[PDB]
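This report concerns only the one structure given below.
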Ligand SMILES: *[C@@H]1O[C@H](CO)[C@@H](O[C@@H]2O[C@H](CO)[C@@H](O)[C@H](O)[C@H]2NC(C)=O)[C@H](O)[C@H]1NC(C)=O
Ligand SMILES: *[C@@H]1O[C@H](CO)[C@@H](O)[C@H](O)[C@H]1NC(C)=O
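Residue numbers (this note's numbering): 9 to 281.
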């Protein structure tokens, strides 16, 4: 088996401006985002290719769960601002938590919070206990540990529940995370009035992201003039391109090359002037 990771991220603002939710949650599996939730709609919604996967999660229930998480998250943020006696300003609390497995074996886990960009508090499941970094975090740790069961639960979440959720999801995500979609390529050239002729090789609809795309001038790999790429999450596909300017009197042969894990061998696509 391979490497898989479930990550969640919470963003809370103490004084949100118009059109920006006070609380936002998102989650991802490896390089793709699978869901989202904010304090405006208050609904957990699947995203990307997960909008078509059925029976992996009850989104109506997860909505109730996020709503609960939100309340606690924002009270935490509120208590910090209270501590610093400065609710006139705009502060943010971002939290990150998730786990990862490799070869069906749990290979790691984390749980950390940031306040106004600085490390606030994090959980060390080995102890098991919360570690405070900011003075206000001393109060927070006190609260999150007022009962013996609390740390036991936090330890249980990273060691059992989370890695469980990740396994459940991989069962319904084989047709998503394990894909090996070969790249379609399209060579095209554009002539800017006054500038050299420019050839653009585009690789698309491929996955995973790792790819090699380069032009060749009579066999000699050229140094791209421009270059870029992207990941369309709604689709779960990547696109990558390269560009080269050609002398106004160059006859040499121009062929694009593409290598990718899903290809039995590299592809080649010459440009017909
Ligand atoms: C996945 O989504 C991407 C982005 O929405 C698709 O790329 C677009 O493809 C159309 C042609 O079908 C172009 O007109 C757009 O310009 C492309 N988007 C841009 C601006 O990059 C892609 O075709 C989709 N792939 C699949 C297989 O669904
Ligand atoms: C790990 O994967 C196996 C199948 O390969 C599955 O039966 C098992 O429940 C998973 N985790 C464990 C060790 O419980």
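For each residue, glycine too, the CB sits at the ideal point set by N, CA and C.
When burial is assigned at 16 or more other CB atoms within 10 Å of the CB, is residue i buried or exposed?
i	result
residue 178	buried
residue 252	buried
residue 79	exposed
residue 163	buried
residue 73	exposed
residue 88	buried
residue 41	buried
Residue range of the alpha helix (DSSP H) that residue i falls in?
i	result
residue 184	170-185
residue 220	First-last for residue 220: 220-225, but that is the beta strand (DSSP E), not the alpha helix (DSSP H).
residue 239	That residue, residue 239, is in no alpha helix (DSSP H); its beta strand (DSSP E) goes 234-240.
residue 83	67-92
List the endpoints of the continuous beta strand (DSSP E) containing residue i.
i	result
residue 117	113-123
residue 156	Not the beta strand (DSSP E): residue 156 falls in the alpha helix (DSSP H), residues 156-164.
residue 108	100-110
residue 249	245-254
residue 44	40-46
residue 61	Careful: residue 61 lies outside any beta strand (DSSP E) and carries neither H nor E.
residue 265	262-267
residue 130	126-132
Is DSSP giving residue i helix, strand or coil here?
i	result
residue 17	strand
residue 199	strand
residue 138	strand
residue 215	coil
residue 153	coil
residue 51	coil
residue 272	coil
residue 35	strand
residue 228	strand
residue 280	coil
Which residue from the options puts its Cα closest to that of residue i?
i	options	result
residue 237	219, 111, 229	219
residue 175	54, 111, 235, 50	111
residue 244	25, 19, 36	36
residue 169	145, 9, 14	14
residue 58	79, 43, 227, 68	43
residue 81	39, 115, 152, 55	152
residue 257	281, 126, 270	281
residue 114	66, 141, 173	173
residue 53	60, 154, 67	67
residue 86	228, 144, 217	144
residue 47	30, 109, 131, 117	30
residue 125	185, 12, 98	98
residue 228	216, 199, 261	261
residue 23	60, 69, 96	96
Residue i and residue j: beta carbons closer than 8 Å?
i	j	result
residue 214	residue 232	no
residue 150	residue 210	no
residue 122	residue 146	no
residue 221	residue 195	no
residue 19	residue 100	yes
residue 171	residue 107	yes
residue 183	residue 56	no
residue 50	residue 71	yes
residue 255	residue 204	yes
residue 167	residue 133	yes
residue 21	residue 28	yes
residue 10	residue 180	no
residue 207	residue 279	yes
residue 239	residue 39	yes
residue 160	residue 269	no
residue 135	residue 148	no
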